[PDB]
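Take a look at the structure below.
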Protein chains: 4
Amino acid sequence: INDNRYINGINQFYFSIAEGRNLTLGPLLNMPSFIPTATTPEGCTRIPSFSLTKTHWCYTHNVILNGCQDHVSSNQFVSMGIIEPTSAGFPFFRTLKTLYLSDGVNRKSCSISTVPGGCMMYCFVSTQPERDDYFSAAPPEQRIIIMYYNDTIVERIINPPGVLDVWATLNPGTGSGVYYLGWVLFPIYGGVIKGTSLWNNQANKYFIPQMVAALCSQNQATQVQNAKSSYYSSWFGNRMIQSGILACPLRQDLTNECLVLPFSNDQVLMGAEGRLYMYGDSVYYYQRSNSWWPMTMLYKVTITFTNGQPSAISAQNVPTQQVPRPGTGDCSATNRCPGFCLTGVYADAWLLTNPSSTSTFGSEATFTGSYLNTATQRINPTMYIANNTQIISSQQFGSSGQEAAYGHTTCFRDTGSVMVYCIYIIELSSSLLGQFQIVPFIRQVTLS
Amino acid sequence: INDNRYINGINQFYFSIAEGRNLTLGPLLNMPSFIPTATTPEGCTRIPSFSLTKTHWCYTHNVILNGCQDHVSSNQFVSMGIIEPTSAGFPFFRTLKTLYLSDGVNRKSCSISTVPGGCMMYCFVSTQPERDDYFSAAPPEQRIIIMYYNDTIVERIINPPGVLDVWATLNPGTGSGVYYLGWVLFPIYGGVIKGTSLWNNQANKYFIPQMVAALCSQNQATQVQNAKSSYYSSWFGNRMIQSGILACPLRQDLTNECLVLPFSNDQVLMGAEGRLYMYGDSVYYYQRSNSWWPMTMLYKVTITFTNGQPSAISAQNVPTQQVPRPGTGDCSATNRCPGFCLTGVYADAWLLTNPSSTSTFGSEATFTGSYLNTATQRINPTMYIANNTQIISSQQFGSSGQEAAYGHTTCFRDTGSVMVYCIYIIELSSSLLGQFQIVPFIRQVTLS
Amino acid sequence: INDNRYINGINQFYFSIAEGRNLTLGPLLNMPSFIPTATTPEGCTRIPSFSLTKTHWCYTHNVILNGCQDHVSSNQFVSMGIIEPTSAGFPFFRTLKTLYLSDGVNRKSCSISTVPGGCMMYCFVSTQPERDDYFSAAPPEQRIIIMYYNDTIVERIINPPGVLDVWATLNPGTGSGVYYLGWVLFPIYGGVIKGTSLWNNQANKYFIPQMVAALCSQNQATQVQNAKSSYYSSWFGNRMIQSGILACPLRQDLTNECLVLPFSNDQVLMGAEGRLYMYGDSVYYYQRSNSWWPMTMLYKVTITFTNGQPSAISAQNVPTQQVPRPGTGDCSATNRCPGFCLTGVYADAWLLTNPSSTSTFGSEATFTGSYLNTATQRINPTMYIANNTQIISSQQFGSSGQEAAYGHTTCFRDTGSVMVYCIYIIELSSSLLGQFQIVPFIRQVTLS
Amino acid sequence: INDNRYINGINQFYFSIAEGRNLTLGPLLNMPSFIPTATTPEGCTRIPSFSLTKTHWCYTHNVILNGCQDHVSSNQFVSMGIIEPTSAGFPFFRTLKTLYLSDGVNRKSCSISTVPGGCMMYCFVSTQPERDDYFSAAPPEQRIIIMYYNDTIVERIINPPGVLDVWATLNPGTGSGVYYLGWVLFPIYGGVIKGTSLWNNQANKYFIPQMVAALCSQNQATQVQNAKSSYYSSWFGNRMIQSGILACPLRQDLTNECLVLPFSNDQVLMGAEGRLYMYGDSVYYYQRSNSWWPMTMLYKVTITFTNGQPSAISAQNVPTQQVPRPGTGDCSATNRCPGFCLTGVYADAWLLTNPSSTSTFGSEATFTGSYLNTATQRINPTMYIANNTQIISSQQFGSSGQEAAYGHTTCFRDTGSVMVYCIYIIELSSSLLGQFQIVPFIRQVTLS
Ligand SMILES: *[C@@H]1O[C@H](CO)[C@@H](O[C@@H]2O[C@H](CO)[C@@H](O)[C@H](O)[C@H]2NC(C)=O)[C@H](O)[C@H]1NC(C)=O
Ligand SMILES: *[C@@H]1O[C@H](CO)[C@@H](O[C@@H]2O[C@H](CO)[C@@H](O)[C@H](O)[C@H]2NC(C)=O)[C@H](O)[C@H]1NC(C)=O
Ligand SMILES: *[C@@H]1O[C@H](CO)[C@@H](O[C@@H]2O[C@H](CO)[C@@H](O)[C@H](O)[C@H]2NC(C)=O)[C@H](O)[C@H]1NC(C)=O
Ligand SMILES: *[C@@H]1O[C@H](CO)[C@@H](O[C@@H]2O[C@H](CO)[C@@H](O)[C@H](O)[C@H]2NC(C)=O)[C@H](O)[C@H]1NC(C)=O
Ligand SMILES: *[C@@H]1O[C@H](CO)[C@@H](O[C@@H]2O[C@H](CO)[C@@H](O)[C@H](O)[C@H]2NC(C)=O)[C@H](O)[C@H]1NC(C)=O
Ligand SMILES: *[C@@H]1O[C@H](CO)[C@@H](O[C@@H]2O[C@H](CO)[C@@H](O)[C@H](O)[C@H]2NC(C)=O)[C@H](O)[C@H]1NC(C)=O
Ligand SMILES: *[C@@H]1O[C@H](CO)[C@@H](O[C@@H]2O[C@H](CO)[C@@H](O)[C@H](O)[C@H]2NC(C)=O)[C@H](O)[C@H]1NC(C)=O
Ligand SMILES: *[C@H]1O[C@H](CO)[C@@H](O)[C@H](O)[C@H]1NC(C)=O
Ligand SMILES: *[C@H]1O[C@H](CO)[C@@H](O)[C@H](O)[C@H]1NC(C)=O
Ligand SMILES: *[C@H]1O[C@H](CO)[C@@H](O)[C@H](O)[C@H]1NC(C)=O
Ligand SMILES: *[C@H]1O[C@H](CO)[C@@H](O)[C@H](O)[C@H]1NC(C)=O
Ligand SMILES: [Ca+2]
Ligand SMILES: [Ca+2]
Ligand SMILES: [Ca+2]
Ligand SMILES: [Ca+2]
């Protein structure tokens, strides 16, 4: 279990609106990395997922032996432990168990989540190029693995209702899932088949960020038309790219009890990887901007239960125009107009301030994370702190040109020294060992 | 506990003299590294120690926050686990516990050793520059820490007899120690004070490798004179630099039961870092060439017990002229003549063949490890396989100019697939994160 | 252990009814304070708890680094020792052990109690403003820590039955607890949820001090109506503010063996901080007047055991109209009429005379303590001796305007010189170091 | 025993000459004070002594019940404990034992010193006004008390040789003593009788600080004449006011084994209170400027042993002109010319840099402490850091006019966080409780 210095500083809004204005990033602190490195030049470690909770943390990432492309073989590294203070005062993520799922099953796009006494991981089994998954009417196999700290492992092949013949594909969003009211929730996305109820109920729906108008040159009518079309991809088997949540009851005999809950396309953008968070009793969702809007997307999710079962989800977006992401073509970090896009990067963000603390939801929100500072390339990884309109603190890592990919940010407070530490897990392109080196950078978020 | 595939392939001579002739290094295999990385550009991780045994393995290294020089602050990372096969067939070092001794005590030059149910680590507490330790008549504080897999930790400040007023300094050799007949043996070295019994008994003693004559241009008389003098250092407080073994009975209340057993300078070269090995029932010793002879030094150690206590050690050197080490001045990799030197690097070697299997001890010995291929710089790390006179297989890592430091090599056999794997733990100078990146390279040693 | 001069003069009624009439406060005596001072101008030390017993005494208070408001960080200072005579004849509280619980867990409103061989402390973990605790249906975490004189420390998170889903919050009364018949009893208070058994059983109950009629201008019917309503607070999440006792068996593995025993609202006023005393074999309770009645509240508690377990408590009030406390609005020291109030200060009182010694319980009771002599401000700290209707001896400390807060009074007798000493622990507002300076004033209570 | 974070950061020079130039005082940190407060307005706590060592610390001060003048009654408070880190990272002086010597013996001017397993305190028994001690040919009674942590107390009346009929009076310097090579050394001072060997051997000797010339307007001849005369006081019974060291072997049966070692008046100024320090293996002495030179006086003391017994002491002054002290008349902080003076205050200083590290002893020395910033009054207590000529960092405490008296400064390093903390024990005049409040201020000495 985590040290007494952290058990009460996890999953919360750490600063008041007033304090968010005077926040800044401290120097990077040096701790023993708890994320394993490749031991060959071409070894590839990518797609991390990290979950932290009151009692412990869970970590995982995919390992491919040669290069980063392979749809036949890969192993999945899983790790878990606690946080404890060092004599310098800052955190040390102590690993208490390690696992390396290496058995021939190609588990991909895995999302992990802390659960009482262990970790629950959700993956899909890849047997062909991603694009082929969207064309095949059959969805990939889905699996959720529970790894207890007592070393018991239970893996199940799940078949949630409304997936077969509805979704051509279904993937975990790779971002962490969360344990909420006895259920484990995972972010999901994929492509829905034309003519299905979902498709029909989703018909004519679209979402446009509050701050697009002022920045977009097209008129309202044109925007609405392009927005509606951005949810359908001809390149990906002509499917409606949908975002959603997978809810699984915490059981060791899961089969078809997990529920697929898709977001209304009236509240969310085109489906993409994502991450679920927990701030107090509130669930939040991060959605990768793989569509036309290149800015960070965060939503407060309201979950409805009917007979003790999640029955519907509603998402309220925190309006911002800050922290863009590198895209391709007419969907670079400079784009502001609706249209169909299918490019981007995963770069979640952590809210240091409560969006509900302002009379108008998210009118003044502060968040932190990392982003690739460039219009179209995955270059210049930069850690930052920002509000809805501007970046108020930032520090690029390495020299310009430095390649990087995804970034997962998590913050917690030391209730002992009363300081907030954030960990920025960034996939860095390395020249020495392996294609990438997933690094858990850690630094303090100073008030002043 | 280790997988059934390894419990019977540990600490042995894996090949016959005939087979050693046809051995070669396979490609480097990619596994999740079990050695933690620094998370800042200037963070320094150095001086690793690794012990593997039938049941499990122990690992540790020193961590300094800024740069690699600091005689006030450092933390020591400890790790332990087992070996298990992956679906590709090769090993995966599974970490089952992690520890980060961070409390203000500056533990340095630590040597670690596997023990039933945990690890035993030996360190000395550094409070001043190394050179100052040799000038001060008082030896640094010595400590042995026992870390059980059940998470109990017992640390003791030891005061073995014959240290106070005999040794001005005393350090663990950083190389792994071994668990032999109920005792934990650690390699040690340091400086002895003039006029002490040890000094007197050591007087006029010297050792000259069997293969020096043919390579040295000085006459026998001149060599013997220079050799005798190479054991005394005016730069290091005018002490006799001595090598030896620290024997501690496996107890949780250690005080003065550990015994300091110095090697006869008639059988070993000037004191230096070292490592102890176990091949079957035989103990072996590796001695860093920090003196005039720049070639790999291995010895079969014969331990004598008197009343259930180690009473004396004898060392028989495996005569070789292979695998040189970068030195400074007239002590570069090209030196062959006796004289006083105090330069070099730690680069142990693993014997793949039994030296006692030949009518004349070590007449045809094969070993493997890594070395820095250059005369005076710590550059061009190269993994190899060699016999007494030549390198019969080798592969440099990275491009020329690549900086590196120490190298610890360990081999074991997969009794399942019947292949030998060796792990080469090399301190690599990295440009991205940290001063060094200690990498556990792993590859197979192929017969053919 | 305490000196022979005090082991037989602890926890008793020291004077007879006749003697109480001729009692007076001697001069303040100067002894080395055993309560630690802050070392910064804004450092805050508040909320002390003190327990004295035949063998020794226990002391504790909360420390906040900046100012007196913080619901994230605080440390708790614990101290313990004995009493021994000085050459001047008066007491000296000799500290034999000190502890500073500083680890990130925000322990608040702690109550301490002497136990054979150490101290037992009860605290709740604060993670948000007090008011928020009443609105949240979940109660704060509860903990009891046992600190043995032999330096062993055992802390447990307790979950007594009937708390979850019954009490929205639960706090220790900060006043000392007591060790009675093998159990440790602590005063508690908090808010109960509407619709719960407790709430229902407590419905329509109210208590009115015997001496209110003669001083209140409202008629009996109006008083009863207002009294009934004074137990419910809309400002504090619409909960029934309840007072009670927490009974814990003296064990090192406490979990859910502690029992919550609430007082009947027919015998006690609205819940508030409190303190438990021991006079001979009788347990007494002090209840802070945080409601409409501004006078000192003391009750003789009768505890019922069923199968060796505390099963119910009954409280009999010592009727008085003396020693008022500063309040706010229509609840100042001058108020005498029932109604809902939520203002006041902690100012316990020590009974120098037995209330059961008169044909009519408490018809002539004498007590001592300190109080803030003003109607609405926390000003003019004054030590006194009083009977039910009047203050028969008193001495204000400092000049008018002097700020102060809580006051804990404890008396004991020197069986050697046959004099009674009382210690008045008062939180004094200081101008030099720290927000407050908790001072253990000590003086004799003279007969004549 | 002290925490592992401090056992290796005690009694040393913490910074290099280069680093001393960039040092500054951090904010005052708030910790629970370990120095007891008075509990009456006129109670007087004065003359503290503090000793810190690798294993623990010792503290003591005098307590007079009414006012600060009394030569009949006083008690002496003794305290001892260890240092341990708090969750905020800074020190907490944990008291593990307390003692209050209250028995009628008027122990005064006590100096305390850490010793293996306890404290050794040296006091003299006062039975009359100080001035009368100088006129009486008989010296006051001398006593050394040893207080073991195991609660054994041994007090002895010592009669060292060469005191009776040589010294009219003899007092401990109140500053801490030190445990050196098996002996406890205490600073002493007093008045020597005319015609005694000491007096004669001391005849015509005088000392003039290296930096007086440049600041004094008198010529060399005049200075030497006035300097010689400054060692004799007609007001104090016409005695030679001498400074020195009392060396006692660590024994429980001390009688006349302690040795009085006076300083040569050719190396030290007129006798005064003082303190002994230990920096590594070197002993240092602080001498109160109770004479004409108003600046901080520090000396490196070289102790000579003859047959295992201290036989002579030599003192080398660290030349400075910084940190003056309030004096009276022609001896205020502005005085620079030799002459007879008998005014001043105790204000020791801690060397943060080694004086022997410069080619010319003390050419660039940095020290810290507190001083009363005013020419003649004991007002404006100010903590500072200074070099030989200037104050490079300082912060006055309280508002101008604030009265204070003595100041004892001690620094140590946290080898964990690598920061230096200094504790400044200052006697502050308080308006609330007691004449003075001896406060242990603590703050960090930052490099940058
Ligand atoms: C490790 O912990 C898990 C968590 O409880 C144990 O799981 C139980 O497994 C049994 C059957 O194997 C089920 O009937 C229980 O319902 C499970 N407990 C619950 C409710 O989670 C698991 O058995 C533990 N490992 C072992 C066997 O020691
Ligand atoms: C985000 O932060 C920026 C910078 O801190 C805010 O912009 C400042 O707004 C104030 C007025 O409130 C101006 O006085 C400053 O000049 C602005 N800074 C500059 C020059 O950019 C911005 O208001 C914040 N956005 C919000 C409200 O979320
Ligand atoms: C973890 O394993 C060790 C290894 O045995 C246990 O050590 C024993 O400790 C007790 C006292 O603590 C000794 O009296 C025994 O002799 C030790 N066993 C031996 C011979 O090694 C240790 O106690 C275990 N941890 C716990 C307490 O569960
Ligand atoms: C070490 O290995 C080398 C190379 O394998 C051995 O040298 C060979 O020796 C054979 C005779 O036994 C010759 O026929 C080859 O021509 C040699 N190789 C060359 C060209 O270098 C060497 O003998 C081995 N050293 C020993 C005996 O340990
Ligand atoms: C509390 O103390 C007061 C004062 O000591 C008592 O009042 C006195 O009562 C006697 C009669 O018993 C009168 O002769 C005095 O004149 C009263 N003193 C004055 C002038 O106030 C009072 O009776 C006591 N209250 C009780 C009975 O507890
Ligand atoms: C507390 O510790 C001291 C320190 O040793 C003990 O002192 C010993 O006392 C005996 C006689 O009382 C002497 O003969 C020894 O020489 C002392 N030890 C030394 C060398 O310091 C003391 O006895 C201890 N308290 C007790 C009695 O438990
Ligand atoms: C003590 O500190 C002062 C201030 O840091 C030193 O004075 C500075 O000396 C440098 C040259 O070495 C000048 O460039 C600065 O202008 C000086 N500061 C000022 C304006 O006072 C002083 O030299 C130090 N004394 C020593 C050498 O111990
Ligand atoms: C933050 O800093 C600004 C500028 O120094 C200051 O005025 C403001 O009060 C601070 N805000 C808070 C409440 O921390
Ligand atoms: C090794 O290889 C050589 C050359 O192919 C072969 O002649 C020899 O028999 C082999 N040695 C053994 C016994 O493995
Ligand atoms: C107390 O004092 C009164 C007045 O001097 C005296 O009459 C009375 O007897 C005393 N009471 C007792 C019993 O102490
Ligand atoms: C101290 O600070 C000065 C000014 O910033 C800098 O130039 C100097 O290098 C520092 N000195 C050291 C060695 O700390
Ligand atoms: Ca498909
Ligand atoms: Ca030494
Ligand atoms: Ca609540
Ligand atoms: Ca005298």
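Please read every residue number as a count from 1 along the shown chain.
Even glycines carry a Cβ here, placed using N, Cα and C.
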- Message: Which residue in the list D:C44, D:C58, D:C216 does Swiss-Prot annotate as forming a disulfide bond with D:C119?
- Response: D:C58
- Query: Which of these, D:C68, D:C110, shares a disulfide with D:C123 in Swiss-Prot?
  - Reply: D:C110
- Query: Which is it, of D:106-111, D:262-267, D:412-417, that Swiss-Prot names as region 'Involved in neuraminidase activity'?
  - Reply: D:106-111
- According to Swiss-Prot, which residue among D:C337, D:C341 is joined to D:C331 by a disulfide bond? D:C341
- CB contacts under 8 angstroms to D:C110 (disulfide bond), restricted to the same chain and 6+ apart in sequence, sorted by sequence, are D:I47, D:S49, D:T60, D:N62, D:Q76, D:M121, D:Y122, D:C123, D:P172, D:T174
- Query: Looking only at D:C216, D:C341, D:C411, D:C422, the disulfide-bonded residues on record, which one has the least crowded Cβ, with the fewest other Cβ atoms within 10 Å?
  - Reply: D:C216
- Message: Rank aside, I only need the closest one: which of the recorded positions D:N150, D:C331, D:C411 has its C-alpha nearest to that of D:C216 (disulfide bond)?
- Response: D:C331
- Query: With DSSP, how much of the region 'Involved in neuraminidase activity' (D:106-111) is helix, how much strand and how much coil, in residues?
  - Reply: 0 helix, 5 strand, 1 coil
- Item | Least surrounded among the disulfide-bonded residues, given as D:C44, D:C248, D:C337, when other CB atoms within 10 Å are counted | D:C337
- Which of these glycosylation sites has the least crowded Cβ, counting other Cβ atoms within 10 Å: D:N22, D:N150, D:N387? D:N150
- List the recorded positions D:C44, D:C123, D:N150, D:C216, D:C341, D:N387 whose Cβ sits under 6 Å from any atom of ligand 7, in sequence order. D:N387
- Could you give the Cα-Cα distance between D:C411 (disulfide bond) and D:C58 (disulfide bond), in whole Å? 14
- Ordered by sequence, the long-range same-chain Cβ contacts of D:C258 (disulfide bond) under 8 Å (at least 6 apart) are D:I144, D:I158, D:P160, D:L246, D:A247, D:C248, D:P249
- Item | D:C58 (disulfide bond) and D:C331 (disulfide bond), Cα-Cα, nearest whole angstrom | 34
- Note on the structure: Using a 10 Å radius on the Cβ of D:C123 (disulfide bond), the other Cβ atoms enclosed count 29
- Within 10 Å of the Cβ of D:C331 (disulfide bond), how many other Cβ atoms are there? 25
- What recorded positions among D:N150, D:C258, D:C337, D:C422 have a C-beta sitting less than 6 Å from any atom of ligand 6? D:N150
- If you measure between the CA atoms of D:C44 (disulfide bond) and D:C58 (disulfide bond) and round to the nearest Å, you get 20
